[PDB]
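Peer 1: One file is attached below, target-v2.csv, containing CSV, C-alpha atoms and all ligand atoms.
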```csv
chain,number,residue,atom,x,y,z
A,1,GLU,CA,27.3,18.7,31.7
A,2,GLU,CA,28.7,16.9,28.7
A,3,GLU,CA,28.6,17.1,24.9
A,4,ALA,CA,29.3,14.3,22.4
A,5,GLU,CA,32.7,14.4,20.6
A,6,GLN,CA,32.7,16.4,17.4
A,7,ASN,CA,32.9,14.1,14.4
A,8,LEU,CA,31.8,14.7,10.8
A,9,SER,CA,29.8,11.5,11.0
A,10,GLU,CA,28.0,12.9,14.0
A,11,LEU,CA,26.4,15.3,11.6
A,12,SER,CA,24.6,12.4,9.9
A,13,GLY,CA,20.9,12.1,10.6
A,14,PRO,CA,17.6,13.8,9.9
A,15,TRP,CA,17.9,17.1,8.1
A,16,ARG,CA,15.2,19.5,6.7
A,17,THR,CA,15.1,22.0,3.9
A,18,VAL,CA,14.4,25.6,5.0
A,19,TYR,CA,15.1,27.7,1.9
A,20,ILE,CA,16.3,27.0,-1.7
A,21,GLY,CA,17.0,29.8,-4.2
A,22,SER,CA,17.6,29.4,-7.9
A,23,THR,CA,18.8,31.5,-10.8
A,24,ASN,CA,16.3,29.7,-12.9
A,25,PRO,CA,12.8,29.7,-11.2
A,26,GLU,CA,11.5,26.8,-13.3
A,27,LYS,CA,13.9,24.4,-11.5
A,28,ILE,CA,12.3,25.0,-8.1
A,29,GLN,CA,8.6,25.5,-9.1
A,30,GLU,CA,6.0,22.8,-8.5
A,31,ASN,CA,7.2,19.7,-10.4
A,32,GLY,CA,10.7,21.2,-10.6
A,33,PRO,CA,13.6,18.8,-10.0
A,34,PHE,CA,15.2,21.0,-7.3
A,35,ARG,CA,12.2,21.6,-5.1
A,36,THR,CA,13.7,19.0,-2.8
A,37,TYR,CA,12.5,18.2,0.7
A,38,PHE,CA,15.4,16.7,2.6
A,39,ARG,CA,15.0,13.7,4.8
A,40,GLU,CA,18.4,12.5,5.9
A,41,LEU,CA,22.1,13.2,5.1
A,42,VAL,CA,25.0,10.7,5.8
A,43,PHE,CA,28.5,12.0,5.9
A,44,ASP,CA,31.4,9.5,5.5
A,45,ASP,CA,34.9,10.9,6.4
A,46,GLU,CA,36.7,7.8,5.3
A,47,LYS,CA,35.2,7.6,1.8
A,48,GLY,CA,34.8,11.3,1.3
A,49,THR,CA,31.1,11.0,0.5
A,50,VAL,CA,27.8,12.5,1.4
A,51,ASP,CA,24.6,10.5,0.8
A,52,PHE,CA,21.5,12.6,0.2
A,53,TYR,CA,18.0,11.4,0.9
A,54,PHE,CA,15.2,13.6,-0.2
A,55,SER,CA,11.7,13.7,-1.7
A,56,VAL,CA,10.5,15.6,-4.8
A,57,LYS,CA,7.3,15.6,-6.6
A,58,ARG,CA,7.3,14.7,-10.3
A,59,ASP,CA,4.2,14.3,-12.5
A,60,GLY,CA,2.0,15.1,-9.5
A,61,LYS,CA,3.5,12.3,-7.4
A,62,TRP,CA,6.1,12.3,-4.6
A,63,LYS,CA,9.3,10.4,-5.2
A,64,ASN,CA,12.0,9.3,-2.8
A,65,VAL,CA,15.5,9.9,-4.2
A,66,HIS,CA,19.0,9.0,-3.1
A,67,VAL,CA,22.1,10.7,-4.4
A,68,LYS,CA,25.7,10.0,-3.5
A,69,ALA,CA,28.1,12.9,-3.9
A,70,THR,CA,31.9,12.5,-3.9
A,71,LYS,CA,34.4,15.0,-2.5
A,72,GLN,CA,37.2,16.4,-4.7
A,73,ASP,CA,40.6,17.6,-3.8
A,74,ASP,CA,39.5,21.2,-3.8
A,75,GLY,CA,36.9,20.3,-1.1
A,76,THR,CA,33.9,20.6,-3.4
A,77,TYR,CA,31.6,17.6,-4.2
A,78,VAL,CA,30.3,16.2,-7.4
A,79,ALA,CA,27.0,14.4,-7.9
A,80,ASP,CA,24.9,13.1,-10.8
A,81,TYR,CA,21.3,14.3,-10.5
A,82,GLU,CA,19.3,15.8,-13.3
A,83,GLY,CA,22.6,16.6,-15.0
A,84,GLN,CA,26.0,17.2,-13.5
A,85,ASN,CA,26.3,19.0,-10.2
A,86,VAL,CA,29.2,20.6,-8.3
A,87,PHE,CA,28.2,21.4,-4.7
A,88,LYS,CA,30.1,23.6,-2.3
A,89,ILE,CA,29.4,23.7,1.5
A,90,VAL,CA,29.7,27.4,2.4
A,91,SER,CA,28.9,26.9,6.1
A,92,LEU,CA,28.4,23.8,8.2
A,93,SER,CA,27.8,23.1,11.9
A,94,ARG,CA,26.0,20.8,14.2
A,95,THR,CA,22.7,22.4,13.3
A,96,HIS,CA,22.9,24.1,9.9
A,97,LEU,CA,24.2,23.7,6.3
A,98,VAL,CA,24.4,26.5,3.7
A,99,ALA,CA,25.4,25.3,0.3
A,100,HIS,CA,25.9,26.5,-3.3
A,101,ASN,CA,25.2,24.1,-6.2
A,102,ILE,CA,26.0,24.5,-9.9
A,103,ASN,CA,23.9,22.3,-12.1
A,104,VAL,CA,24.3,21.8,-15.9
A,105,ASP,CA,21.4,19.8,-17.4
A,106,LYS,CA,21.0,17.3,-20.4
A,107,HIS,CA,20.8,20.5,-22.6
A,108,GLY,CA,23.9,22.4,-21.5
A,109,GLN,CA,21.8,24.9,-19.5
A,110,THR,CA,23.4,26.1,-16.3
A,111,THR,CA,21.5,26.9,-13.0
A,112,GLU,CA,23.0,28.0,-9.8
A,113,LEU,CA,21.2,27.2,-6.5
A,114,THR,CA,21.6,28.2,-2.9
A,115,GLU,CA,20.2,26.3,0.1
A,116,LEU,CA,19.8,26.4,3.8
A,117,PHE,CA,19.2,23.2,5.7
A,118,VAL,CA,18.7,22.5,9.4
A,119,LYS,CA,19.4,19.3,11.3
A,120,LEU,CA,16.8,17.8,13.7
A,121,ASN,CA,18.7,17.0,16.9
A,122,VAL,CA,17.4,14.6,19.5
A,123,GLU,CA,19.6,14.6,22.6
A,124,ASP,CA,20.2,11.5,24.8
A,125,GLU,CA,18.9,13.0,28.0
A,126,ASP,CA,15.7,14.2,26.3
A,127,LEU,CA,15.1,10.6,25.1
A,128,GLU,CA,15.7,9.3,28.5
A,129,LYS,CA,13.3,11.8,30.1
A,130,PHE,CA,10.7,10.7,27.5
A,131,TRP,CA,11.2,6.9,28.2
A,132,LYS,CA,11.1,7.4,32.0
A,133,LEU,CA,7.8,9.3,31.8
A,134,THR,CA,6.5,6.7,29.5
A,135,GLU,CA,7.3,3.9,31.8
A,136,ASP,CA,6.0,5.9,34.8
A,137,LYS,CA,2.6,5.9,33.1
A,138,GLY,CA,2.6,2.2,32.5
A,139,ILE,CA,2.8,2.5,28.7
A,140,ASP,CA,4.2,-0.6,26.9
A,141,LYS,CA,7.1,0.1,24.5
A,142,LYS,CA,5.3,-1.5,21.7
A,143,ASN,CA,2.6,1.1,22.2
A,144,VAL,CA,4.9,3.9,21.1
A,145,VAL,CA,5.2,5.3,17.6
A,146,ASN,CA,8.3,6.8,16.0
A,147,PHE,CA,7.0,9.7,14.0
A,148,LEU,CA,10.5,10.9,13.0
A,149,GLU,CA,11.4,7.8,11.1
A,150,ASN,CA,8.0,7.9,9.4
A,151,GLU,CA,8.8,11.4,8.1
A,152,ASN,CA,12.3,10.3,7.1
A,153,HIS,CA,10.9,7.4,5.0
A,154,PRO,CA,7.7,8.8,3.4
A,155,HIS,CA,5.8,7.4,0.4
B,1,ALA,CA,0.9,28.6,51.5
B,2,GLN,CA,1.0,26.2,48.6
B,3,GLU,CA,3.5,26.6,45.8
B,4,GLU,CA,4.4,30.1,44.5
B,5,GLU,CA,3.7,31.7,41.1
B,6,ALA,CA,6.0,30.7,38.2
B,7,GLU,CA,7.7,33.3,36.1
B,8,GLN,CA,6.8,32.0,32.7
B,9,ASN,CA,8.4,33.2,29.5
B,10,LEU,CA,7.8,30.6,26.7
B,11,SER,CA,7.0,33.1,24.0
B,12,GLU,CA,10.6,32.5,22.9
B,13,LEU,CA,9.9,28.8,22.1
B,14,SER,CA,7.3,29.6,19.4
B,15,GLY,CA,8.1,28.3,16.0
B,16,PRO,CA,8.3,25.1,13.9
B,17,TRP,CA,8.2,21.9,16.0
B,18,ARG,CA,8.1,18.2,15.0
B,19,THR,CA,6.8,15.0,16.7
B,20,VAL,CA,9.5,12.5,17.6
B,21,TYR,CA,7.6,10.0,19.7
B,22,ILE,CA,4.1,9.6,21.1
B,23,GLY,CA,3.1,6.8,23.5
B,24,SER,CA,-0.3,5.8,24.6
B,25,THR,CA,-2.1,3.6,27.2
B,26,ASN,CA,-4.6,2.8,24.4
B,27,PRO,CA,-2.8,1.8,21.2
B,28,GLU,CA,-5.9,2.4,19.1
B,29,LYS,CA,-5.6,6.2,19.6
B,30,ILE,CA,-2.2,6.4,17.9
B,31,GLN,CA,-2.4,3.5,15.4
B,32,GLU,CA,-3.0,4.4,11.7
B,33,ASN,CA,-6.2,6.5,11.4
B,34,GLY,CA,-5.9,7.2,15.1
B,35,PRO,CA,-6.9,10.7,16.4
B,36,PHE,CA,-3.6,11.2,18.2
B,37,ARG,CA,-1.3,10.1,15.5
B,38,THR,CA,-0.4,13.8,15.2
B,39,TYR,CA,2.5,15.2,13.2
B,40,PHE,CA,3.3,18.6,14.7
B,41,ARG,CA,4.1,21.5,12.5
B,42,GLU,CA,4.1,24.6,14.7
B,43,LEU,CA,3.6,25.8,18.2
B,44,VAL,CA,2.9,29.3,19.3
B,45,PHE,CA,3.1,30.3,23.0
B,46,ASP,CA,1.5,33.5,24.3
B,47,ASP,CA,2.7,34.5,27.8
B,48,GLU,CA,0.2,37.3,28.2
B,49,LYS,CA,-2.9,35.4,27.3
B,50,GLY,CA,-1.4,32.2,28.8
B,51,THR,CA,-2.2,30.0,25.8
B,52,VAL,CA,-0.6,27.6,23.4
B,53,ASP,CA,-1.7,27.2,19.8
B,54,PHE,CA,-1.1,23.8,18.3
B,55,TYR,CA,-0.8,23.3,14.5
B,56,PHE,CA,-0.6,19.8,13.4
B,57,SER,CA,-1.6,17.3,10.7
B,58,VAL,CA,-3.5,14.0,11.1
B,59,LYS,CA,-4.8,11.5,8.6
B,60,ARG,CA,-8.5,10.7,9.0
B,61,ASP,CA,-10.6,8.4,6.8
B,62,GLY,CA,-7.8,8.3,4.2
B,63,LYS,CA,-7.6,12.0,4.0
B,64,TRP,CA,-5.0,14.5,5.5
B,65,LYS,CA,-6.3,17.3,7.8
B,66,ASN,CA,-4.5,20.4,9.1
B,67,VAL,CA,-5.7,21.0,12.7
B,68,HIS,CA,-5.5,24.1,14.9
B,69,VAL,CA,-6.0,23.7,18.7
B,70,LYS,CA,-5.9,26.4,21.4
B,71,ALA,CA,-4.9,25.4,24.8
B,72,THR,CA,-5.4,27.5,28.0
B,73,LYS,CA,-3.2,27.4,31.1
B,74,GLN,CA,-4.8,27.0,34.5
B,75,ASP,CA,-3.8,28.1,38.1
B,76,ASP,CA,-2.9,24.4,38.3
B,77,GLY,CA,-0.1,24.9,35.7
B,78,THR,CA,-1.6,22.4,33.3
B,79,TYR,CA,-3.3,23.3,30.1
B,80,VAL,CA,-6.8,22.3,28.9
B,81,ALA,CA,-8.0,22.0,25.3
B,82,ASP,CA,-10.8,20.4,23.3
B,83,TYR,CA,-9.8,17.8,20.7
B,84,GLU,CA,-11.4,14.4,20.3
B,85,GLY,CA,-12.8,15.0,23.8
B,86,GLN,CA,-11.4,16.9,26.8
B,87,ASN,CA,-7.7,17.2,27.3
B,88,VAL,CA,-5.5,18.1,30.3
B,89,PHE,CA,-1.8,18.1,29.6
B,90,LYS,CA,1.3,18.9,31.4
B,91,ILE,CA,4.7,20.0,30.2
B,92,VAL,CA,7.1,17.7,32.1
B,93,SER,CA,10.4,18.9,30.5
B,94,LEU,CA,11.1,21.9,28.3
B,95,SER,CA,14.0,23.7,26.7
B,96,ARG,CA,15.0,25.6,23.6
B,97,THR,CA,15.1,22.4,21.6
B,98,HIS,CA,12.7,19.8,23.2
B,99,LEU,CA,9.4,19.3,24.9
B,100,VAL,CA,8.3,16.3,26.9
B,101,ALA,CA,4.7,16.3,27.7
B,102,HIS,CA,2.0,14.2,29.4
B,103,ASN,CA,-1.6,14.4,28.2
B,104,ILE,CA,-4.8,12.9,29.6
B,105,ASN,CA,-7.7,12.6,27.2
B,106,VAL,CA,-11.3,11.5,27.9
B,107,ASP,CA,-13.3,10.8,24.8
B,108,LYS,CA,-17.1,11.1,24.2
B,109,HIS,CA,-17.6,7.7,25.9
B,110,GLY,CA,-15.8,8.6,29.1
B,111,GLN,CA,-12.8,6.5,28.1
B,112,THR,CA,-9.5,7.7,29.6
B,113,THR,CA,-6.3,7.6,27.7
B,114,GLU,CA,-2.9,8.8,28.9
B,115,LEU,CA,-0.3,9.8,26.3
B,116,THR,CA,3.4,10.8,26.5
B,117,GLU,CA,5.2,12.7,23.8
B,118,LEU,CA,8.6,14.0,22.8
B,119,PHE,CA,8.7,16.9,20.3
B,120,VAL,CA,11.7,18.8,19.0
B,121,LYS,CA,12.1,22.3,17.7
B,122,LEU,CA,13.5,23.2,14.3
B,123,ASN,CA,15.7,26.2,15.2
B,124,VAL,CA,16.8,28.5,12.5
B,125,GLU,CA,19.6,30.9,13.7
B,126,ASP,CA,19.9,34.5,12.5
B,127,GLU,CA,23.6,34.0,11.8
B,128,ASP,CA,22.8,31.2,9.4
B,129,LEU,CA,19.9,33.0,7.8
B,130,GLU,CA,22.2,35.9,7.1
B,131,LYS,CA,24.8,33.7,5.6
B,132,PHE,CA,22.2,32.2,3.2
B,133,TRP,CA,20.8,35.6,2.2
B,134,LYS,CA,24.3,37.0,1.5
B,135,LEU,CA,25.2,34.0,-0.6
B,136,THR,CA,21.9,34.2,-2.4
B,137,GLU,CA,22.5,37.9,-3.2
B,138,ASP,CA,26.0,37.1,-4.3
B,139,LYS,CA,24.6,34.6,-6.9
B,140,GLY,CA,22.3,37.2,-8.2
B,141,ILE,CA,19.2,35.4,-7.1
B,142,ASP,CA,16.0,37.4,-6.7
B,143,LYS,CA,14.1,37.1,-3.4
B,144,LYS,CA,11.0,36.0,-5.4
B,145,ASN,CA,13.0,33.1,-6.7
B,146,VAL,CA,13.5,31.6,-3.2
B,147,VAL,CA,11.1,29.0,-1.8
B,148,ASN,CA,10.2,28.5,1.8
B,149,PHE,CA,10.0,24.8,2.7
B,150,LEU,CA,9.1,25.2,6.4
B,151,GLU,CA,5.7,26.8,5.8
B,152,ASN,CA,4.5,25.2,2.6
B,153,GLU,CA,1.2,23.4,1.9
B,154,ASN,CA,2.7,21.3,-0.9
B,155,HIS,CA,4.7,18.7,1.1
B,156,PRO,CA,5.4,15.0,1.3
B,157,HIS,CA,3.2,12.6,3.3
B,158,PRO,CA,4.7,10.5,6.2
B,159,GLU,CA,2.1,7.9,5.5
C,201,LIG,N1,24.2,18.3,-5.0
C,201,LIG,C1,22.7,18.1,-4.8
C,201,LIG,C2,22.1,16.9,-5.2
C,201,LIG,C3,20.7,16.7,-5.0
C,201,LIG,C4,19.9,17.8,-4.5
C,201,LIG,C5,20.5,19.0,-4.1
C,201,LIG,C6,19.7,20.1,-3.6
C,201,LIG,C7,20.4,21.3,-3.2
C,201,LIG,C8,19.6,22.4,-2.7
C,201,LIG,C9,20.2,23.6,-2.3
C,201,LIG,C10,21.7,23.8,-2.5
C,201,LIG,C11,22.5,22.7,-3.0
C,201,LIG,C12,21.8,21.5,-3.4
C,201,LIG,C13,22.6,20.4,-4.0
C,201,LIG,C14,21.9,19.2,-4.3
C,202,LIG,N1,-3.1,19.1,23.4
C,202,LIG,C1,-2.9,18.2,22.2
C,202,LIG,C2,-3.7,18.4,21.1
C,202,LIG,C3,-3.7,17.5,19.9
C,202,LIG,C4,-2.7,16.4,19.9
C,202,LIG,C5,-1.9,16.2,21.1
C,202,LIG,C6,-1.1,15.1,21.1
C,202,LIG,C7,-0.2,14.9,22.3
C,202,LIG,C8,0.7,13.8,22.3
C,202,LIG,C9,1.5,13.5,23.4
C,202,LIG,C10,1.4,14.5,24.6
C,202,LIG,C11,0.5,15.6,24.6
C,202,LIG,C12,-0.3,15.8,23.4
C,202,LIG,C13,-1.3,17.0,23.4
C,202,LIG,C14,-2.0,17.1,22.2
```
How does this structure look as structure tokens?
Peer 2:
Amino acid sequence: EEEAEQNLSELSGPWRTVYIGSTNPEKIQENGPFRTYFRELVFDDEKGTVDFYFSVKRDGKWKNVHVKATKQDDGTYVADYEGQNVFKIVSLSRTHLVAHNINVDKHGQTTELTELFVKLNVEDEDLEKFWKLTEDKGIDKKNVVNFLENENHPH
Amino acid sequence: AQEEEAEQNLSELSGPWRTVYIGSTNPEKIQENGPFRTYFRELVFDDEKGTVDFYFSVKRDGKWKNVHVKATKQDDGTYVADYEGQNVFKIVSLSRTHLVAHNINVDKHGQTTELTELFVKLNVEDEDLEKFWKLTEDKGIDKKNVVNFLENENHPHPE
């Protein structure tokens, strides 16, 4: 019985959007800039940054977007995306993230958003059980597809 | 006496699941446009009827399809289901977060293919859901202005 050491960087990896709420419905409606499907998040304790990787559909087509947020002294984060954003992490753990974002667009319009995201965790022993079974059945490693990375890098 | 009955309570594990890895003795079956290149979405276990409903997506002929398959348990402990032929699969390892399975498929030409798979569950805890709803209520956001991204038709394509 063992568990990996807790590190903020250990939180990095595949994450998925569960719910997103908005004070302005238009921002999260179809073709809205904040109807974001998360792919991955990367936390960097040293630089005080969080890199966001998500997909959003615009003009009827899906786009992959990357946004880097920078932490401030007050613990909040700032990021440039469809205007200026100030993001606060309300709750964070190995499996979930609840955040509050304040966005002010190119027209001075303010929108507040809430979100719940969940992390997809793949444990070491589960991976080992999969590979053992795979080799027991005589399946070549090149005959294995990684669906998770496909979902994390869509098109 | 052979083995004894197994106290089975998997109803608990129902919910959103995702495909991590799928291996195959026949690469054609899981290559692009392959029938088993299946992206899981949801799994529902019924302990009383002894079944498992699979909800997944697969790309066929350049087109995405949402598929629903019902599997039925057997005295054997394995499950059988019809999908691109006859299937007999076994759950090798299972927990609140992962599923490792072995499936044997025989297509319409009698060809036998063995597949292995690792799937992970997307667990949404009540404590976290409550935190989200409280925060959402605090920001004066109406429940109708909240979008569910777990169960939504309009989503990105993995390929
Ligand atoms: N700072 C941000 C940058 C890009 C997308 C975001 C999407 C969000 C969704 C819910 C709550 C906060 C969010 C912050 C975001
Ligand atoms: N019963 C099933 C129906 C449809 C696709 C499946 C894909 C699988 C992949 C690896 C192991 C078992 C599988 C069972 C499947």
Peer 1: May I have a table of the residues of chain B lying at most 10 Å from ligand LIG 202 (chain C), giving each one's closest pair of atoms and their distance in Å to one decimal, counting only C-alpha atoms and all ligand atoms, ordered by chain and ascending residue number, as a tab-separated table?
Peer 2:
```
residue	atom	partner	partner_atom	distance
B:19	CA	C:LIG202	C8	8.4
B:20	CA	C:LIG202	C9	9.9
B:21	CA	C:LIG202	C9	7.9
B:22	CA	C:LIG202	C9	5.2
B:23	CA	C:LIG202	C9	6.9
B:24	CA	C:LIG202	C9	8.0
B:30	CA	C:LIG202	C8	9.1
B:35	CA	C:LIG202	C4	7.9
B:36	CA	C:LIG202	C6	5.5
B:37	CA	C:LIG202	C6	7.5
B:38	CA	C:LIG202	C4	5.8
B:39	CA	C:LIG202	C4	8.6
B:40	CA	C:LIG202	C4	8.2
B:52	CA	C:LIG202	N1	8.9
B:53	CA	C:LIG202	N1	9.0
B:54	CA	C:LIG202	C2	6.6
B:55	CA	C:LIG202	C3	8.4
B:56	CA	C:LIG202	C3	7.6
B:57	CA	C:LIG202	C4	9.3
B:58	CA	C:LIG202	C4	9.2
B:67	CA	C:LIG202	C3	8.3
B:68	CA	C:LIG202	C3	8.5
B:69	CA	C:LIG202	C2	6.3
B:70	CA	C:LIG202	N1	8.1
B:71	CA	C:LIG202	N1	6.7
B:72	CA	C:LIG202	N1	9.8
B:79	CA	C:LIG202	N1	7.9
B:80	CA	C:LIG202	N1	7.4
B:81	CA	C:LIG202	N1	6.0
B:82	CA	C:LIG202	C2	7.7
B:83	CA	C:LIG202	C2	6.1
B:84	CA	C:LIG202	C3	8.3
B:86	CA	C:LIG202	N1	9.2
B:87	CA	C:LIG202	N1	6.3
B:88	CA	C:LIG202	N1	7.4
B:89	CA	C:LIG202	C11	6.0
B:90	CA	C:LIG202	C11	7.6
B:91	CA	C:LIG202	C11	8.3
B:92	CA	C:LIG202	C10	9.9
B:99	CA	C:LIG202	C10	9.3
B:100	CA	C:LIG202	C10	7.5
B:101	CA	C:LIG202	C10	4.9
B:102	CA	C:LIG202	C10	4.8
B:103	CA	C:LIG202	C11	4.3
B:104	CA	C:LIG202	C11	7.8
B:105	CA	C:LIG202	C13	8.6
B:114	CA	C:LIG202	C10	8.3
B:115	CA	C:LIG202	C9	5.0
B:116	CA	C:LIG202	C9	4.5
B:117	CA	C:LIG202	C9	3.8
B:118	CA	C:LIG202	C9	7.1
B:119	CA	C:LIG202	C9	8.5
```
Peer 1: Counting only C-alpha atoms, what is within 8 Å of range 79-91 of chain A, bar same-chain residues fewer than 6 positions away, as a VMD selection string?
Peer 2: (chain A and resid 33 67 to 70 97 to 106) or (chain B and resid 131)
Peer 1: Residues of the last selection are to be written out with C-alpha atoms, as a PDB file, in the coordinates of the input.
Peer 2:
```
ATOM      1  CA  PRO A  33      13.600  18.800 -10.000  1.00  0.00           C
ATOM      2  CA  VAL A  67      22.100  10.700  -4.400  1.00  0.00           C
ATOM      3  CA  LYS A  68      25.700  10.000  -3.500  1.00  0.00           C
ATOM      4  CA  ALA A  69      28.100  12.900  -3.900  1.00  0.00           C
ATOM      5  CA  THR A  70      31.900  12.500  -3.900  1.00  0.00           C
ATOM      6  CA  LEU A  97      24.200  23.700   6.300  1.00  0.00           C
ATOM      7  CA  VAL A  98      24.400  26.500   3.700  1.00  0.00           C
ATOM      8  CA  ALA A  99      25.400  25.300   0.300  1.00  0.00           C
ATOM      9  CA  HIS A 100      25.900  26.500  -3.300  1.00  0.00           C
ATOM     10  CA  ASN A 101      25.200  24.100  -6.200  1.00  0.00           C
ATOM     11  CA  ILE A 102      26.000  24.500  -9.900  1.00  0.00           C
ATOM     12  CA  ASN A 103      23.900  22.300 -12.100  1.00  0.00           C
ATOM     13  CA  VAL A 104      24.300  21.800 -15.900  1.00  0.00           C
ATOM     14  CA  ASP A 105      21.400  19.800 -17.400  1.00  0.00           C
ATOM     15  CA  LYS A 106      21.000  17.300 -20.400  1.00  0.00           C
TER      16      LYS A 106
ATOM     17  CA  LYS B 131      24.800  33.700   5.600  1.00  0.00           C
TER      18      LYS B 131
END
```
Peer 1: What gap, in Å, lies between CA of residue 63 in chain A and CA of residue 37 in chain A?
Peer 2: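 Distance reported for this atom pair: 10.3 Å.
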Peer 1: Check every residue of chain A for an atom within 6 Å of chain B, counting all atoms listed in the file, and provide those that qualify as a list in words.
Peer 2: residues 17, 18, 19, 20, 21, 23, 25, 134, 139, 143, 144, 145, 146, 147, 148, 150, 151 and 154 of chain A
Peer 1: If you count only C-alpha atoms, which residues fall within 10 Å of residue 47 in chain A, apart from same-chain ones fewer than 3 positions away, as a list in words?
Peer 2: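 Once the adjacent positions are removed, what remains is residues 43, 44, 50, 70 and 71 of chain A.
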Peer 1: Would you work out the distance separating CA of residue 78 in chain A from CA of residue 22 in chain A, expressed in Å to one decimal?
Peer 2: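 If I compute the distance from CA of residue 78 in chain A to CA of residue 22 in chain A, I get 18.3 Å.
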Peer 1: What's the separation between CA of residue 33 in chain B and CA of residue 85 in chain B, in Å to one decimal place?
Peer 2: 16.4 Å
Peer 1: From the list A:131, A:38, A:15, A:62, which residue is nearest residue 119 in chain A when using all atoms listed in the file?
Peer 2: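 With all atoms listed in the file as the atom set, the closest residue is A:15.
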Peer 1: Go through A:152, A:72, A:55, A:93 and flag the residue nearest residue 32 in chain A, using only C-alpha atoms for the distances.
Peer 2: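 Looking only at the distances to residue 32 in chain A, the closest residue turns out to be A:55.
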Peer 1: Nearest to residue 48 in chain A among A:9, A:61, A:96, A:36, with distances taken over only C-alpha atoms: which residue is it?
Peer 2: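 Answer, going by the shortest atom-to-atom distance: A:9.
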Peer 1: Between A:138, A:132, A:108, A:28, which residue has the minimum interatomic distance to ligand LIG 201 (chain C), considering all atoms listed in the file?
Peer 2: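 Using all atoms listed in the file, ligand LIG 201 (chain C) sits closest to A:28.
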